[PDB]
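A short worksheet on the structure shown next.
Each chain gets a letter, A, B and so on, in the order its sequence line appears, and its residues count up from 1.
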There are 2 protein chains.
Amino acid sequence: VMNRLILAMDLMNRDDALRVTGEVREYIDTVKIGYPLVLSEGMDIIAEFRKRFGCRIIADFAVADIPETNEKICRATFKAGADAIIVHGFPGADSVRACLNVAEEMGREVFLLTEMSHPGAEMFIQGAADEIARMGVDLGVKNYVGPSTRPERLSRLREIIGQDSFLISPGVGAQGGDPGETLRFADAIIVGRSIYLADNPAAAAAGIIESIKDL
Amino acid sequence: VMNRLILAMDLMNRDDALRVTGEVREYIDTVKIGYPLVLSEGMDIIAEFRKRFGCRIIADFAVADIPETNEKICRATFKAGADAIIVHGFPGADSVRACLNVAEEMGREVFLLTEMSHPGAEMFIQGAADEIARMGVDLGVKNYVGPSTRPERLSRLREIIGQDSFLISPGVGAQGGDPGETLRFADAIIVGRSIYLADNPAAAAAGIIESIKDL
Ligand SMILES: CCOC(=O)c1cc(=O)[nH]c(=O)n1[C@@H]1O[C@H](COP(=O)(O)O)[C@@H](O)[C@H]1O
Ligand SMILES: CCOC(=O)c1cc(=O)[nH]c(=O)n1[C@@H]1O[C@H](COP(=O)(O)O)[C@@H](O)[C@H]1O
């Protein structure tokens, strides 16, 4: 992805989300849109962004339901124009496979969320995360999400998935993660608040990128 | 809830969802709306149903993100008129607490999803589910979701949460669960396909209810 930087656009107002995304578009080719924006402004926001900005859109829907419901969510999401969808692995292999099947049908991609970045991830997800990643490998998943806040975990994830899999990583900036350290293991970093709450989002993005280029 | 039966309205077309819900409304007072319908028709569908049918709406959004994102999802969902939201416990206590805080702010309810009903739930969720339920109890959660497909698990869940907590249970009918057995432990059952794919949804609902009344 451009500059190895993915914007997490979690503003909840269309006007603010369009302003910030336009201001930083010279520095990214990929925007992650989640439920904060979609549930406030509608699924049509995905195609609007995709067209306006000529970006890739990752729908961060943390998909975490039974196979039949996951199927439906994925189909609605790809019908709305998303390039990829983020799926939890904790519901197990049939739930993941359901999403992979729809992505295969519709020519899209699944990202498997393996271990989360926030403190509560230590309670239950972290102990399962290596197995969740191995399950991904055995299902043929090629794209993964793991935590900037724990680069030792992010290194173990990378070890499981191999060098050819694509790994993106949230938790940079606001949550405490570091761009450069995270990019030792991840292919791209996700950044939300450190850019979209900045007084100058373009300057915030540019500053991050200047630290990425130095790598 | 009326007749201890909650409709899972996972049709993806507004006209079909309104037809079926209207046909079975004499038999329920509570509809569960999830992402299949909301991502196809918009969040406005919640208030439309709530008003048209004078039902309670549970937003089944399987909320499974970091605390700050969960906050945003909950606020958008309650702003849309939902009475309650379903939240995963697997992301840990801070993610759950974030949802509880918004519900307290907005006079709404959280349901904690503890153990899922599909086969893949055995991989990772089932081994954590008793702890997830105990975490719920220690956070003050009063409403829970557990699986009709495993009534021995559903009994253990009930044992943890006590007799005063409210427990609802999906997996009845299509997934193999039985109404009467499930209602030995759950206060209400969730039913989707066995009603909404039936040639006569009202007759399907009535048949289920006639088996519930016999209990
Ligand atoms: C939960 C599914 O989505 C994610 O991508 C995600 C997983 C995770 O472990 N950590 C994480 O922060 N994210 C998401 O990535 C974004 C992080 O934004 P920020 O902390 O503001 O830089 C935000 O949308 C959050 O919901
Ligand atoms: C995943 C969050 O939501 C749920 O309520 C849920 C959890 C679970 O373990 N099992 C389960 O079936 N559900 C939901 O409950 C509904 C079951 O519908 P059905 O099987 O058609 O009777 C459906 O919306 C499904 O997504």
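Taking the side chain to side chain contact (heavy atoms under 4.5 Å, CB included) definition, one finds that A:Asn101 meets it with A:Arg97, A:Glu104, sequence neighbours left out.
No side-chain donor-acceptor contact under 3.5 Å links A:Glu71 to the backbone of A:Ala98. Judged by distance alone, the side chain of A:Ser169 and the main-chain N or O of A:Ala186 form no donor-acceptor pair under 3.5 Å. Between the A:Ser155 side chain and the A:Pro151 main chain, no donor and acceptor come within less than 3.5 Å of each other. Checked by atom type and distance alone, the side chain of A:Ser148 never pairs as donor or acceptor with a backbone atom of A:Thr182 at under 3.5 Å. Under the 3.5 Å distance criterion, the side-chain polar atoms of A:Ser40 are left unmatched by any main-chain donor or acceptor of A:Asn13. Distance alone, capped at 3.5 Å, places no donor-acceptor pair between the B:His118 side chain and the A:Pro67 backbone. Side chain of A:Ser211 to backbone of A:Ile208: a donor-acceptor contact under 3.5 angstrom is found. B:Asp29 places no side-chain N or O within 3.5 Å of a backbone atom of B:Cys55 that could act as its donor or acceptor partner. Between the side chain of A:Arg193 and the backbone N or O of A:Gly173 there is no donor-acceptor pair closer than 3.5 Å. Under a 3.5 Å cut-off, the side chain of B:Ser95 and the backbone N or O of B:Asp65 do form a donor-acceptor pair.
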For B:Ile86 and B:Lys32, run side-chain contact (heavy atoms from CB on, under 4.5 Å): C-alpha distance rounded to whole Å, both residues' side-chain angles, the deciding distance at 0.1 Å, then the answer. CA-CA 10 Å; B:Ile86 296 173; B:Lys32 186 179 76 61; 3.9 Å; yes

Residue pair A:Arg153, A:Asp130: steps toward the salt bridge (charged side-chain N to carboxylate O under 4.0 Å, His left out) verdict: CA-CA 9 Å; A:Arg153 298 296 302 131; A:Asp130 287 1; 2.9 Å; yes

Begin from the C-alpha positions of A:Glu159 and A:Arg156 and carry the test salt bridge (charged side-chain N to carboxylate O under 4.0 Å, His left out) through to its verdict. CA-CA 5 Å; A:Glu159 180 186 352; A:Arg156 175 57 178 149; 3.4 Å; yes

Evaluation steps, salt bridge (charged side-chain N to carboxylate O under 4.0 Å, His left out), between A:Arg184 and A:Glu181: CA-CA 5 Å; A:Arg184 294 171 63 213; A:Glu181 290 292 296; 3.3 Å; yes

Chi angles and distances behind the side-chain contact (heavy atoms from CB on, under 4.5 Å) call for A:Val145, A:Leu167: CA-CA 6 Å; A:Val145 187; A:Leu167 174 55; 5.7 Å; no

side-chain contact (heavy atoms from CB on, under 4.5 Å) between B:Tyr144 and B:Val110, intermediate numbers included: CA-CA 8 Å; B:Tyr144 296 82; B:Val110 168; over 6 Å; no

Start with the C-alpha distance between B:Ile58 and B:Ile190, add both sets of side-chain angles, then the distance that settles side-chain contact (heavy atoms from CB on, under 4.5 Å), and finish with yes or no. CA-CA 11 Å; B:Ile58 301 172; B:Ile190 293 160; over 6 Å; no

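Counting heavy atoms from C-beta on, the side chains of A:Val172 and A:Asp178 never come closer than 4.5 Å. You'll find the side chain of B:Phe49 reaches within 4.5 Å of the side chain of B:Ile57, heavy atoms only. Annotation: side chain of B:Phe124 is not in contact with side chain of A:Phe124 (no heavy-atom distance under 4.5 Å). Considering only heavy atoms from C-beta on, A:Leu112 comes within 4.5 Å of A:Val96 through its side chain. The shortest distance between side-chain heavy atoms of B:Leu18 and B:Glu48 falls below 4.5 Å. Looking only at side-chain heavy atoms (C-beta outward), A:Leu113 and A:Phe111 stay at 4.5 Å or farther from each other. A 4.5 Å side-chain heavy-atom check between B:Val31 and B:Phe53 finds every atom pair outside the cut-off. Between B:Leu157 and B:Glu115 the shortest side-chain heavy-atom distance does not fall below 4.5 Å.
Here the closest heavy-atom approach between residue B:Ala188 and residue B:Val1 is recorded as CB-CG2, 3.6 Å. A:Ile45 and A:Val38 get closest at one heavy-atom pair: CG2-CG2, 4.1 Å. When all heavy atoms are compared, the tightest approach of A:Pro91 to B:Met116 is CB-SD, 4.3 Å. Residues A:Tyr27 and A:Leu5 approach most closely at O-CD2, 4.3 Å, considering heavy atoms. Nearest heavy atom pair, residue B:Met12 against residue B:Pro36, reads CG-O, 3.6 Å. Shortest non-hydrogen contact noted between B:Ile161 and B:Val137 is CA-CG2, 4.0 Å.
Within the 6.0 Å centre-distance limit, the rings of B:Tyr35 and B:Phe61 are counted as a close aromatic pair.
Using a 4.0 Å cut-off between a side-chain N of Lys or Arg and a carboxylate O of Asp or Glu, B:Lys142 and B:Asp164 qualify as a salt bridge. At a threshold of 4.0 Å, the pair B:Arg50-B:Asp83 counts as salt-bridged, since one of the basic side-chain nitrogens sits closer than that to a carboxylate oxygen. At a threshold of 4.0 Å, the pair B:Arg75-B:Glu105 counts as salt-bridged, since one of the basic side-chain nitrogens sits closer than that to a carboxylate oxygen.
To the nearest 0.5 angstrom, B:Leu11 atom CG is 8.5 Å from A:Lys72 atom NZ. Taken from CE in B:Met135 to CG in B:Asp138, the straight-line distance is 9.0 Å, to the nearest 0.5 Å. Rounding to the nearest 0.5 angstrom, the gap separating the CD atom in A:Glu109 from the CG atom in A:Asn143 is 5.0 Å. Between the CD1 atom of B:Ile85 and the CG atom of B:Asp60 there is a distance of 9.0 Å, given to the nearest 0.5 Å. One finds the CG atom of B:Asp16 at 10.5 Å from the CG atom of B:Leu197 (value rounded to the nearest 0.5 Å). Within the model, atoms CD of B:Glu68 and CD1 of B:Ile73 stand 11.5 Å from one another, a figure rounded to the nearest 0.5 Å.
Counting heavy-atom neighbours within 6.0 Å of A:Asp44 CG, excluding the residue itself, gives a total of 12 or less. Within 6.0 Å of the NZ atom in B:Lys79, the count of heavy atoms belonging to other residues, nucleotides or ligands does not exceed 12.
Tested against A:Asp187, the residues A:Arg158, A:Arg4, A:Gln163 include a single side-chain hydrogen bond (donor to acceptor under 3.5 Å, both in side chains) partner, A:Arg158. Of the candidates A:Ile209, A:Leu7, A:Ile195, A:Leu7 is the only one forming a side-chain contact (heavy atoms from CB on, under 4.5 Å) with A:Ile28.
For the residue pair B:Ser117/B:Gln175, the side-chain donor-acceptor check at 3.5 Å is satisfied.
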